[PDB]
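Here is the naming used below: chain letters follow the sequence lines, and residue numbers restart at 1 for every chain. Atoms within each ligand, like the ligands themselves, are counted from 1 in listed order.
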Amino acid sequence: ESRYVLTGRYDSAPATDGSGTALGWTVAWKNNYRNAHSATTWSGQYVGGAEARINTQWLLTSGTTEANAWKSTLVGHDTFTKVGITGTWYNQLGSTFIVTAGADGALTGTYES
Amino acid sequence: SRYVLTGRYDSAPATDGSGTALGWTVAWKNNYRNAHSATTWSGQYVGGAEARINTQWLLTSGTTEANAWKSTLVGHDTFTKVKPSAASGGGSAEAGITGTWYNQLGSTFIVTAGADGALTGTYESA
Amino acid sequence: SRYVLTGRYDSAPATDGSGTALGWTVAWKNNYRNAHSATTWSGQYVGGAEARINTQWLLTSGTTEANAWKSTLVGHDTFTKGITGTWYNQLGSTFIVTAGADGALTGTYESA
Amino acid sequence: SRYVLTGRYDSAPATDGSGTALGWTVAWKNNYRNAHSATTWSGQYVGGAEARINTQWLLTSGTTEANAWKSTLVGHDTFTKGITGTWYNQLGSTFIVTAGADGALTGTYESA
Ligand SMILES: O=C(O)CCCC[C@@H]1SC[C@@H]2NC(=O)N[C@@H]21
Ligand SMILES: O=C(O)CCCC[C@@H]1SC[C@@H]2NC(=O)N[C@@H]21
Ligand SMILES: O=C(O)CCCC[C@@H]1SC[C@@H]2NC(=O)N[C@@H]21
Ligand SMILES: O=C(O)CCCC[C@@H]1SC[C@@H]2NC(=O)N[C@@H]21
């Protein structure tokens with residue numbers, strides 16, 4: 001019930017100069033049980049090493065009438081650590097991110113809030 | 001040139017007049033170029049008299065840690081539907097979203113909405 | 001109704017056709033109401049036949065730590081009426097501002 | 001190396017445990033340098049043992065129309081030391097502020 005489909009993209013040929021790896025993904029907050037009529041997108045980068053991390057900023061847009069569109073979108077920032085990109089990650093809110101990074105640049109997985 | 005996109009949309013939107021929430025991502029790598037960055041668009045599909053996809057976006061570039069404070073640009077794009085621009089409105093979000101769109105910069109957004117929440121297609125910035 | 005705003009702007013902008021960087025804050029408290037929140041507009045002034053102030057804004061409400069993840073709204077406002085004057089945006093809010101030689105912005109904001 | 005800041009904050013915040021909404025602006029010009037940009041920080045003050053100011057910010061650079069699409073950076077800064085005082089963020093930047101009884105924020109900012 002708390003898990004939702006995610007899909008995204010990442011730079012499958014990142015710079016070799018110490019730069020992180022650019023990526024982003026989306027969750028539409030509808031599953032077979034619940035629907036919040038909203039979607040969040042996370043835009044960020046993967047930073048490998050001992051303390052592998054995914055540092056992001058996100059936009060959460062809710063479906064609204066035109067009259068309420070001015071307040072349709074929340075903005076925030078999430079940092080994820082692994083429990084490379086493929087794997088199970090957790091953020092500071094305790095949300096769980098299960099992800100697979102295809103060789104073609106695709107991000108597929110699930111998110112649980 | 002053209003880059004793959006993938007994303008998600010609310011496949012059972014509200015019926016109270018609210019728009020349909022959606023989002024998608026482009027990694028700016030194809031087989032010809034790589035900008036080492038990705039943009040995510042978060043927004044909603046609005047139907048009716050003036051169909052639009054209204055978005056805010058975040059463009060994150062790969063950077064060193066010292067430069068991570070400035071890795072992300074923010075902006076907003078409004079998309080107008082050009083193929084087909086004419087619609088009765090039947091088909092719900094899938095029909096409303098599916099097709100070719102252009103934003104205020106003249107970029108081209110070609111997307112298919114289906115399979116209960118999936119968005120696929122191509123993006124071409126101007 | 002009306003709220004105090006204060007801000008800053010680049011008092012010596014490039015002359016290469018670039019706009020003038022600026023920003024201002026409204027804390028949504030006046031004598032009669034308090035939404036326990038503040039909006040900041042970050043943007044640029046573009047002078048011309050039809051002068052414009054193009055902005056992105058962040059609206060942070062005071063929240064508990066538990067609700068801090070959803071404390072901040074983001075959006076964009078475009079204002080129509082160099083900087084000194086009365087402007088209105090696409091929601092019909094009224095921005096009344098004075099640009100000082102020091103880079104200061106002072107005025108009042110009234111949201112539709 | 002310092003730049004003037006001005007802003008606003010909620011001078012009568014909720015008493016429910018909520019933080020204090022605030023915002024401020026820096027136009028990046030002083031008497032020695034001008035980056036032709038402005039940053040606005042929007043966020044809230046959280047009192048207590050370890051007080052903090054948690055923010056999101058927008059840095060808008062003056063640009064020509066063609067470059068306007070990339071005019072604005074977005075980020076988040078967390079400051080540690082009431083609001084009046086000397087604060088530093090996670091970059092090592094220094095924020096020196098005075099919170100006025102009228103809801104004003106006045107001070108100087110120095111980026112790392
Ligand atoms: O309230 C909704 O509309 C759905 C819940 C979304 C939870 C958000 S997405 C950004 C942030 N990061 C998380 O892990 N959870 C919140
Ligand atoms: O410069 C890059 O790193 C890749 C190109 C980014 C183009 C951006 S994405 C947001 C905005 N909307 C568009 O249609 N184009 C720009
Ligand atoms: O609701 C609040 O917490 C205070 C009113 C906020 C109105 C917002 S500020 C950004 C946007 N631009 C406007 O003119 N109005 C809204
Ligand atoms: O070069 C500029 O355009 C002006 C200096 C910008 C420094 C930025 S403001 C946001 C972030 N937080 C800081 O302490 N420094 C950077």
| task | For ligand 4, indicate whether the residue D/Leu73 contacts it via side chain, backbone, both or neither (heavy-atom separation under 4.0 Å). | result | neither
| query | Relative to ligand 4, is D/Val26 under 4.0 angstrom through side chain, backbone, both or neither, heavy atoms considered? | reply |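 Looking at D/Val26 and ligand 4, no heavy atom falls under 4.0 Å.
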| query | Centres of the B/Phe79 and B/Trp24 rings: under 6.0 Å? | reply |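 Under 6.0 Å, so yes.
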| Sub-4.0 Å atoms of ligand 1 with respect to non-hydrogen atoms of A/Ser95 |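 Answer for ligand 1: 13 (C), 14 (O), 15 (N).
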| request: Check each atom of ligand 1 against the heavy atoms of A/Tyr111 and keep those under 4.0 Å away; list them by number with element. | output: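 So the answer, numbered in order with elements, is 12 (N), 13 (C), 14 (O).
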| said: So that I can tick it off, tell me whether D/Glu50 and D/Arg52 are bridged by a salt bridge, with the cut-off set at under 4.0 angstrom between side-chain N and carboxylate O. | reply: yes
| request: Determine the interplanar angle of the D/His76 and A/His77 rings, folded into 0 to 90°, and report it as parallel if under 30°, tilted if 30 to 60°, perpendicular if over 60°. | output: parallel
| How far is atom 1 (O) of ligand 1 from its nearest protein heavy atom, and which residue and atom name does that atom have? |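 Its nearest protein heavy-atom neighbour is C/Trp69 CH2, 4.0 Å.
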| For atom 12 (N) of ligand 4, the protein heavy atom that lies nearest, with its residue and separation | D/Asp77 OD2, 2.7 Å
| request: Kindly confirm or rule out an N or O of A/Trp29 lying under 3.5 angstrom from an N or O of ligand 1. | output: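 N/O-N/O distance below 3.5 Å does not exist for this pair.
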| query | If we only count N/O pairs under 3.5 Å, is A/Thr40 in contact with ligand 1? | reply | no
| query | Do any N/O atoms on B/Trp57 end up under 3.5 angstrom from N/O atoms on ligand 2? | reply | no
| Intermediate values then yes/no, side-chain contact (heavy atoms from CB on, under 4.5 Å), B/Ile53 and B/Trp101 | CA-CA 9 Å; B/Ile53 291 160; B/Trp101 298 78; 3.4 Å; yes
| field | Option with minimal heavy-atom separation from atom 15 (N) of ligand 2, where the choices are B/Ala38, B/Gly106, B/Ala126, B/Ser125 | value |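 Answer by nearest heavy atom: B/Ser125.
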| message | Looking at ligand 1, is there an atom of it that comes within less than 4.0 Å of some heavy atom belonging to A/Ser62? | response |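 No, A/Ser62 has no heavy atom closer than 4.0 Å to ligand 1.
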| said: With the threshold set at under 4.0 angstrom, would you say D/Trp41 reaches ligand 4 through any of its heavy atoms? | reply: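 True for this residue.
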| Which atom names give the shortest non-hydrogen contact between B/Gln56 and A/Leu59, and what distance separates them? | O-CD1, 3.5 Å
